[PDB]
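Counting from 1, the numbers follow the sequence of the chain as shown.
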Amino acid sequence: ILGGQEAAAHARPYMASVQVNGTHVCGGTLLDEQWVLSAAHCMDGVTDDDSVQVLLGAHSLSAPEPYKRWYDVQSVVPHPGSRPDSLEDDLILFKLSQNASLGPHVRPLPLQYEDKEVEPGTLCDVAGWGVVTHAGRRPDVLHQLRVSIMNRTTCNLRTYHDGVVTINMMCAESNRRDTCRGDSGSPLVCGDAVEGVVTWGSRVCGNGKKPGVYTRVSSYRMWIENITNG
C-alpha cells in the first residue's frame with residue numbers, strides 16, 4: 001500500500017498472508033476455519049518445488065506474536081476462468097491442511113453475497129503487506145488505506161481503463177495513495193463485509209488515471225459456495 005499507514009495490530013483478524021517458500025506474495029481473507037480467498041495471479045510462476053502456505057494472526061511478518069500461525073495448503077482451487085494473461089476471474093481458494101484455530105487475532109469476515117454496486121465516493125478499507133514505496137520497500141507490518149470507490153462507467157472511460165473493467169469488477173481512486181505489488185489478493189471491505197479482492201498486481205501504482213481494480217466477490221458467489229461447501 002502506497003500512502004497509507006501502519007494498521008492497528010490484529011484489528012483485521014480476517015487478514016491472511018499468502019506465502020511462497022516463506023515469503024509473502026499476496027493478501028487473502030479467511031472465510032471460515034478451512035478456506036482462504038485470494039487472487040489467482042498469486043500462483044503465477046509457482047512450481048512444484050515451491051511451497052505455498054497461509055500465515056494467519058499476523059501483524060508483523062517477522063516478529064513473535066501470540067497467535068501467528070503458518071498453515072500448509074491441501075487444496076489449491078483457481079477459478080476456472082483465471083489466466084496469467086487475463087484480468088478476469090482472478091480468484092483462488094485455498095483449503096488449509098489443518099483447521100484454523102480462531103481467536104482474538106484470527107477470525108473470518110463474511111463475503112458480500114448481494115449483487116449491489118457500491119456508490120461512488122463510498123470509503124472502503126484495504127490492508128496489505130505490499131510495497132510502501134515506488135522503489136519497492138516491503139513493510140514488516142500490515143498497512144491500511146481508505147479508498148474512494150469509482151463507478152464502473154467512469155473507470156472504463158478512455159482516460160482511465162478504457163473498457164476492460166467488467167461487471168464482475170469494481171474500481172477505486174488511485175491518486176498518489178494506492179494498492180501496489182504484494183497487495184493482490186487482499187480484500188476490499190465495504191461496510192460489514194468483503195466486497196472485492198485486489199487484482200492487477202502489475203498495474204502501475206499511484207496514478208489517478210489508472211484506478212485500482214478489484215474482483216467483486218458477489219459475482220462469484222455460486223463458485224465460492226460450491227467450492228467451500230461443508
Side-chain angles (χ1 to χ4, degrees), residues 1 13-65 67-101 105-106 108 126-143 179-187 194 197-205 213-215 217 220 223-224 226-229:
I1 305 277
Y14 53 84
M15 281 301 306
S17 171
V18 176
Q19 310 207 323
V20 178
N21 304 322
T23 308
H24 175 83
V25 303
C26 281
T29 309
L30 186 67
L31 301 183
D32 69 3
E33 301 85 352
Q34 304 198 271
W35 288 101
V36 170
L37 181 67
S38 187
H41 71 269
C42 300
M43 295 292 100
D44 291 352
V46 176
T47 76
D48 287 348
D49 297 324
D50 299 334
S51 300
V52 177
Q53 296 185 325
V54 182
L55 168 63
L56 303 182
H59 187 57
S60 173
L61 299 169
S62 66
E65 297 175 350
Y67 296 109
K68 266 164 74 163
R69 189 164 150 185
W70 283 265
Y71 293 84
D72 290 326
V73 173
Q74 61 173 126
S75 311
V76 182
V77 192
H79 189 277
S82 62
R83 317 174 35 85
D85 68 13
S86 176
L87 26 153
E88 299 201 64
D89 301 331
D90 186 24
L91 293 183
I92 193 158
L93 284 166
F94 295 116
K95 190 177 188 181
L96 306 179
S97 71
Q98 70 196 124
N99 297 172
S101 301
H105 292 4
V106 184
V126 62
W129 290 270
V131 297
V132 296
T133 66
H134 281 111
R137 175 174 199 99
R138 299 185 169 249
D140 181 62
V141 305
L142 187 75
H143 282 57
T179 56
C180 202
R181 183 179 288 236
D183 295 319
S184 284
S186 126
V194 179
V197 176
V198 175
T199 190
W200 199 348
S202 67
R203 190 172 55 85
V204 317
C205 309
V213 182
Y214 303 77
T215 310
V217 303
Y220 296 90
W223 178 73
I224 294 168
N226 288 352
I227 298 308
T228 66
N229 69 29

I need the single residue from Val217, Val126, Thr29 that forms a side-chain contact (heavy atoms from CB on, under 4.5 Å) with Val197. Which is it? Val217
For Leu93 against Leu37, the heavy-atom pair lying closest together: CD2-CD1, 3.8 Å
Any side-chain heavy atom of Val20 sitting closer than 4.5 Å to one from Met43? yes
Look only at the side chain of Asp72 and the backbone of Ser97, and say whether a donor-acceptor pair between them is shorter than 3.5 Å. no
For the CH2 atom of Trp35 and the CG atom of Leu30, what is their distance to the nearest 0.5 Å? 12.5 Å
Does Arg138 reach the main-chain N or O of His24 with its side chain, forming a donor-acceptor pair under 3.5 Å? yes
Do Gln19 and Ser51 come close enough that some side-chain heavy atom pair is under 4.5 Å? no
Quick check: closest heavy atoms across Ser75 and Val73, and the distance to 0.1 Å? O-CG1, 3.1 Å
Taking side chain as C-beta onward, heavy atoms only, is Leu61 less than 4.5 Å from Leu55? yes
Rounded to the nearest 0.5 Å, what's the gap from CG on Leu91 to NE2 on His79? Could you check? 7.0 Å
Checking the side chain of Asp90 only, and the main-chain atoms of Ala39 only, is there a donor and an acceptor separated by less than 3.5 Å? no
Measure from the side-chain N and O atoms of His134 to the backbone N and O of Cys205, and report whether any donor-acceptor pair falls under 3.5 Å. yes
Mind listing the closest non-hydrogen atom pair of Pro80 and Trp223 along with its distance? CD-NE1, 3.7 Å
Separation between CD1 (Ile224) and CG (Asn226), nearest 0.5 Å, reads 10.5 Å
Minimal heavy-atom distance between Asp140 and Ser60, with the atoms involved, is OD2-OG, 2.5 Å
Hey, mind stepping through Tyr214 and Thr199 against side chain to side chain contact (heavy atoms under 4.5 Å, CB included) and telling me if it holds? CA-CA 5 Å; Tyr214 303 77; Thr199 190; 5.7 Å; no
What is the distance from atom CD of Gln34 to atom NZ of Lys95, rounded to the nearest 0.5 Å? 4.5 Å
Search all heavy atoms of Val18 against all heavy atoms of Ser38 and return the closest pair with its distance. CG2-OG, 3.8 Å
Let me see the working for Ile1 and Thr179 under side chain to side chain contact (heavy atoms under 4.5 Å, CB included), right down to the final yes or no. CA-CA 4 Å; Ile1 305 277; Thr179 56; 3.9 Å; yes
Looking at every non-hydrogen atom in both residues, tell me the closest pair between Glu88 and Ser86 and how far apart they are. N-OG, 2.9 Å
Close side-chain approach of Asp183 to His143, heavy-atom, < 4.5 Å: no
Should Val76 and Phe94 count as side-chain neighbours, where that means a heavy-atom distance under 4.5 Å? yes
Atom pair CG/OH of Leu56 and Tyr14 - distance to nearest 0.5 Å: 14.0 Å
Return yes if some donor-acceptor pair links the side-chain N/O of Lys68 with the main-chain N/O of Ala63 below 3.5 Å, else return no. yes
Is a side-chain N or O of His59 found less than 3.5 angstrom from the main chain of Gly57, in a donor-acceptor match? no
Among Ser202, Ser184, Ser82, which one satisfies side chain to side chain donor-acceptor pair (under 3.5 Å) with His41? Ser184
Please determine whether the number of non-hydrogen atoms from other residues, nucleotides or ligands lying under 6.0 Å from atom CG of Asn229 exceeds 12. yes
Rounded to the nearest 0.5 Å, how far apart are CH2 of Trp129 and OG of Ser186? 8.5 Å
